[PDB]
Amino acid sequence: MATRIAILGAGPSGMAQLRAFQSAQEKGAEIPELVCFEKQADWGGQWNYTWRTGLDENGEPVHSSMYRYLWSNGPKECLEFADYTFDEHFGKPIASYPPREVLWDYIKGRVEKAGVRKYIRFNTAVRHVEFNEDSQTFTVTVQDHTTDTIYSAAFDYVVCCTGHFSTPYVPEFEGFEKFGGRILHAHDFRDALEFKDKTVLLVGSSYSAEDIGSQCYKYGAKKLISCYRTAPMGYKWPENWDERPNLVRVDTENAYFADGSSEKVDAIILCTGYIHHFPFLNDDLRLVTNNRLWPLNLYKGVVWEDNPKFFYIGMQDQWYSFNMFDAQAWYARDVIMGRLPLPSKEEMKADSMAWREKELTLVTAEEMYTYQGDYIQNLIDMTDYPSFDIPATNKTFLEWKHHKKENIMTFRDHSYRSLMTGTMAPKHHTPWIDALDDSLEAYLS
C-alpha cells in the first residue's frame, strides 16, 4: 500500500499497533509500510525491567518505573488480550496476579507469534516530529545509538505510543537540601531490600504509595509513614505502617507534618505521580493534559483534533489497560486504512465535549471503570476487534475493589474467571506475603 507509518514506542501500545496491522494483513488486506522506533534495547515498555535510574546507557531518560517484586495490581483477567489468551500463551491455568516477568513474557508472546519484531528499530530515540504543510507528511528525526547517527525520514501518519507514567511529577518540600537521607521519586525505586531495617516516608496516597509501601513492608523495613494531601488511603495497614496528613518540612533527620507530629526518617520516596511530556513534539502536535479518564483534544480518545493524521495510544488514565490499547490500536488502524472516515472538525469537537461532560459527572471508583468500559465498548463496536464481556469485566473490577478493602495485604491472594475462556484461575502455590522470589521460573513450577 502507498502510505508509510511511524510508530513511536514499542511497549504494550506500540506492540498493539503493530499487532493490529499484522492482523489485517493476515486476514488478507494490503497494509501501509510500518516503522516503529524504540529507545530501549527490547520491547515491553514499563514491563521491561532495568536496574538503571535517571538516565540510561545512552543518556536518554530511563523509561521504566518498575521495581523488583512488582506484581500485577489488578486481575490479569481484566487485561487479557481478546485475540491471544492466557490459556494459549502458557498452555495451563495460572493465578490472578502474576509478577512482572510473567506478564512481560505474555505480552511478548503475542508479538513474537505475530512476527512484527522485524518492523522495530531498537536503541533509537525519537527527537523531533514536524508536520510539513506543503507535502502533507511528517518528518521524524531520530538518534540511532547503535550507529551513533542522527537521521530523518518522512511518514504519512504518526502513531504516538511513548507512555505517560515515565516523567516524574516531583514536588519540592522545605528543607530537602538539608535532609541527609536519600530522596527519590517512585520512578527511581528499584529493590525494596535497599530499605531493610529503615524508616521510610512515602509521600502521596495512590497506587504508587500503596504498592511501594507494601514492598518495603514485605522486605523488612523497620517502619513506614504515608502522608496524604487530600484524604487518606484508608486501608488497615500493618503495625509499623501509619498514615498522617501532609509532610510540611524536613530537617537534617526529621519530617514534620500538619499533624504537629514529627519523627526520624531515613529515606523519602515521592509517590506523587507523573506528567505527560513529549520532548519530540511542538505545540501543533503536543498533548497537554493532567492524568485523567478523558483528556481533551482527542477524537475517540485517540485522534489528535488539530492534525488528524497524528494519533495517540493509551494516554488516558488506566483502569482497563492492555485491551483498551488494543481497542484504540484497531481504531487507529482502521482510520489510517480508510475503513472509518473521520467526521468534520466541528463534529469531533462536539463528540469530545460530550465525553468530557460525562467524565465530570463521575464520583465513585465504580462509575469510573464503568465509564472507561463504555469507552472501550464504543471503540470495539467499530472494529473487527473481537467483542468480550465488558459488563462482566467491570464486575471483576468490583470484586477486586472489595478484596482490597477486606485486606490490603492479601488482595493478590484471590482468583477470577477469564472473560475470554471461562476457566477459573487456580489459587497461587504461595501466599503473597511469603512469595519472596519474583521470578517467572518460580511462579510457574
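Numbers for residues come from their place in the sequence shown, where the first is 1.
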Comparing 367 to 375 with 262 to 270, the one whose average Cα B-factor in the PDB entry is higher: 262 to 270
Higher-B stretch (mean Cα B-factor, as the entry records it), 328 to 336 or 194 to 202: 194 to 202
Of the residues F155, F90, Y320, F165, the one carrying the largest Cα B-factor as recorded: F90
Out of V140, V302, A350, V248, residue topping the C-alpha B-factor column of the entry: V248
Chain third (lowest, middle, highest) by recorded CA B-factor, residue given as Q40: lowest
CA B-factor ranking of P279, expressed as a third of its chain: lowest
Entry-reported Cα temperature factor of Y151, expressed as the chain third it lands in: lowest
Third of the chain's Cα B-factor distribution that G220 belongs to, per the entry: highest
Chain-wide C-alpha B factor ranking for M66, given as lowest, middle or highest third: middle
